[PDB]
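Peer 1: Here you go, one structure.
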Amino acid sequence: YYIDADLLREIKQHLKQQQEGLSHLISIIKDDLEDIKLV
Amino acid sequence: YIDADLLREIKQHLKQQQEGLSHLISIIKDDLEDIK
Amino acid sequence: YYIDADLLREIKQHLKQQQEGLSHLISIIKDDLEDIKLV
Amino acid sequence: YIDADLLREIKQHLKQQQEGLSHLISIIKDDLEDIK
Amino acid sequence: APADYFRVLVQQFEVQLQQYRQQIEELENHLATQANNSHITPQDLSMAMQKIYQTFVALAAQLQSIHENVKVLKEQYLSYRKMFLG
Amino acid sequence: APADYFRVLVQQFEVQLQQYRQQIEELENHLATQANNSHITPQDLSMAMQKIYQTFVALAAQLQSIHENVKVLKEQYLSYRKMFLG
Numbered sequence: 456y457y458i459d460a461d462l463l464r465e466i467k468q469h470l471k472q473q474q475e476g477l478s479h480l481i482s483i484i485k486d487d488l489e490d491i492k493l494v
Numbered sequence: 457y458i459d460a461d462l463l464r465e466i467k468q469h470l471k472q473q474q475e476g477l478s479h480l481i482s483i484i485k486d487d488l489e490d491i492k
Numbered sequence: 456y457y458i459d460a461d462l463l464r465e466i467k468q469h470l471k472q473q474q475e476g477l478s479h480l481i482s483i484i485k486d487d488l489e490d491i492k493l494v
Numbered sequence: 457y458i459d460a461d462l463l464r465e466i467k468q469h470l471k472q473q474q475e476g477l478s479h480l481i482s483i484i485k486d487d488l489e490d491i492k
Numbered sequence: 327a328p329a330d331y332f333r334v335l336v337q338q339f340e341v342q343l344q345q346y347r348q349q350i351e352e353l354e355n356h357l358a359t360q361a362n363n364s365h366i367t368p369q370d371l372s373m374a375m376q377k378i379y380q381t382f383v384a385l386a387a388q389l390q391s392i393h394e395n396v397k398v399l400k401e402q403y404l405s406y407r408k409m410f411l412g
Numbered sequence: 327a328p329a330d331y332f333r334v335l336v337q338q339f340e341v342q343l344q345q346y347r348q349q350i351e352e353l354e355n356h357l358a359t360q361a362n363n364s365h366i367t368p369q370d371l372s373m374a375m376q377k378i379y380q381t382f383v384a385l386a387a388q389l390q391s392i393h394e395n396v397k398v399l400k401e402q403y404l405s406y407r408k409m410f411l412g
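Those sequence lines, one after another, are chains A, B, C, D, E and F.
Read in order, the letters of the first sequence correspond to residues 456 to 494 in the UniProt record's numbering.
Read in order, the letters of the second sequence correspond to residues 457 to 492 in the UniProt record's numbering.
Read in order, the letters of the third sequence correspond to residues 456 to 494 in the UniProt record's numbering.
Read in order, the letters of the fourth sequence correspond to residues 457 to 492 in the UniProt record's numbering.
Read in order, the letters of the fifth sequence correspond to residues 327 to 412 in the UniProt record's numbering.
Read in order, the letters of the sixth sequence correspond to residues 327 to 412 in the UniProt record's numbering.
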């Protein structure tokens with residue numbers, strides 16, 4: 456049938472971390488571009 | 457069974473197809489938006 | 456001894472053009488850098 | 457007459473000497489200023 | 327020309343973006359409900375979780391080198407400014 | 327690393343700058359007065375005028391490619407901005 460209601464939660468958590476990971480890198484890149492306009 | 461020459465041809469053809477930076481960028485921008 | 460008072464003028468003119476030449480290129484480069492801060 | 461090995465050595469030595477970008481730039485800036 | 331190099335790094339980045347995007351949306355739908363979850367197995371998700379983490383890793387690498395590339399634009403733009411504008 | 331490439335174009339530029347600088351100052355002094363002009367010949371000036379024009383040409387080339395390089399920084403900086411900031 457399906458998987459644990461918490462196994463779902465674990466995966467959803469993992470995916471979130473991946474998202475937070477990529478967003479952090481995007482963040483940094485944006486600071487670089489913004490700081491270029493400032494310097 | 458499977459035609460090697462064709463897949464090759466399909467590869468070559470797509471590689472020779474070209475990127476419109478403007479277009480590229482717009483796709484990336486919507487990709488990033490659709491996620492982060 | 457020395458050279459014509461006008462042969463001097465010719466050379467001085469040539470050197471000036473060379474100077475104007477290089478300055479024009481520097482000018483352009485500066486517009487590029489300035490426009491970067493503006494974009 | 458003229459020692460080949462030495463000029464070579466002198467070449468090698470100067471090439472291996474390194475550029476301090478900061479310093480480089482300052483020289484260029486004063487060079488441009490001293491002229492244009 | 328740098329426009330041929332740029333277009334490339336940009337293009338690879340766009341592929342890992344699309345890649346990751348498809349996969350994630352795909353996996354979202356499979357876990358959206360138990361009704362859709364029944365058409366898949368716990369060994370498929372296990373497969374997808376790998377496919378996805380592999381893209382993430384490659385994507386994270388591309389974002390990283392993009393960061394380093396922007397760091398270089400700044401350094402050189404800053405250098406030129408000191409040479410020509412100071 | 328681009329820091330090894332940059333340092334080079336910058337370094338060559340600095341040499342043509344110094345080159346031209348020395349020559350010009352040199353030639354200025356020789357034509358500064360007739361007293362100094364008497365220690366030189368019209369075939370020396372002819373020599374210098376060449377040496378100088380050759381540097382000018384190389385210097386003008388370096389300024390030109392520096393311009394093209396800055397054009398590239400802008401294009402790529404502009405592209406990144408559209409991707410990440412728009």
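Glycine included, each C-beta is placed from N, C-alpha and C at the ideal position.
By the criterion of Cβ-Cβ separation under 8 Å, what are the contact partners of C/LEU477 in chain D?
Peer 2: Within 8 Å Cβ-Cβ: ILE491 and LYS492.
Peer 1: Please list the terminal residues of the continuous alpha helix (DSSP H) segment that includes F/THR381.
Peer 2: From DSSP, the alpha helix (DSSP H) with F/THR381 extends over 368-410.
Peer 1: What are the start and end residues of the alpha helix (DSSP H) that includes C/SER482?
Peer 2: Start and end: 460-493.
Peer 1: Taking the continuous alpha helix (DSSP H) assigned at F/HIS356, which residues delimit it?
Peer 2: Here the alpha helix (DSSP H) through F/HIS356 covers 328-358.
Peer 1: Restricting to Cα atoms, I'd like to know which of E/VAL336, E/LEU357, E/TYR406 and E/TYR331 is closest to A/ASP461.
Peer 2: When only C-alpha atoms are compared, the closest one is E/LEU357.
Peer 1: Answer yes or no: does any C-beta atom of chain D fall closer than 7 Å to that of C/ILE481?
Peer 2: True, the Cβ-Cβ gap to chain D drops below 7 Å.
Peer 1: Taking a cut of 8 Å between CB atoms, which residues from the stretch 382-405 of chain E lie near chain A?
Peer 2: Cβ contacts with chain A: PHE382, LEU385, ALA386, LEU389, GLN390, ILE392, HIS393, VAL396, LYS397, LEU399, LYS400, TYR403 and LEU404.
Peer 1: List the residues of chain A that F/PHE332 touches, going by C-beta distances under 7 Å, in chain order.
Peer 2: Ordered by position in chain A, no residue passes the 7 Å Cβ test against F/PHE332, which lies about 16 Å from the chain.
Peer 1: In whole angstroms, what is the alpha-carbon distance linking F/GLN402 and C/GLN472?
Peer 2: Approximately 34 Å, taken between the alpha carbons.
Peer 1: Indicate whether residue 503 of chain A and F/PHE410 have their beta-carbon atoms separated by less than 7 Å.
Peer 2: Because chain A is modelled from 456 through 494, residue 503 of chain A falls outside the range shown and cannot be assessed.
Peer 1: Is the CB-CB distance between F/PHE339 and F/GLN388 below 7 Å?
Peer 2: Yes, Cβ-Cβ distance for F/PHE339 and F/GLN388 is below 7 Å.
Peer 1: Give a yes or no on contact between the stretch 342-353 of chain F and the stretch 368-384 of chain F, applying the rule of three or more CB pairs nearer than 8 Å.
Peer 2: Segments in contact, yes.
Peer 1: Buried or exposed for E/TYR406, going by 16 or more other Cβ atoms inside 10 Å?
Peer 2: The residue in question, E/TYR406, is buried, as its Cβ has 16 or more Cβ neighbours within 10 Å.
Peer 1: Alpha carbon to alpha carbon, how far is residue 434 of chain F from F/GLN344?
Peer 2: The displayed coordinates of chain F run from 327 to 412. Any statement about residue 434 of chain F would go beyond what the structure contains.
Peer 1: With a threshold of 6 Å (Cβ to nearest heavy atom), would F/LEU371 be considered close to the ligand ATP?
Peer 2: The ligand ATP is absent from the structure shown, which contains no ligands of any kind.
Peer 1: Quick one: residues in its chain with C-beta nearer than 7 Å to the C-beta of F/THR367, no 5 flanking neighbours on either side, listed in chain order?
Peer 2: Around F/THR367: no qualifying Cβ.
Peer 1: Is the beta carbon of B/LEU480 closer than 7 Å to that of E/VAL341?
Peer 2: No, the pair does not count as a contact, with Cβ atoms beyond the cut-off.
Peer 1: Tell me whether E/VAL334 is buried or exposed, calling it buried when 16 or more other Cβ atoms sit within 10 Å of its Cβ.
Peer 2: Flag for E/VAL334 reads exposed.
Peer 1: Closer than 7 Å by C-beta to F/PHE382: which residues in its own chain qualify, once you throw out the five before and the five after it? Chain order, please.
Peer 2: Hits under 7 Å: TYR346.
Peer 1: For E/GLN349 and C/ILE483, what's the separation of their Cα atoms in angstroms?
Peer 2: Distance between the alpha carbons of E/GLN349 and C/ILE483: 48 Å.
Peer 1: Quick one: is A/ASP459 buried, meaning 16 or more other Cβ sit within 10 Å of its Cβ, or exposed?
Peer 2: Per the 10 Å Cβ criterion, exposed.
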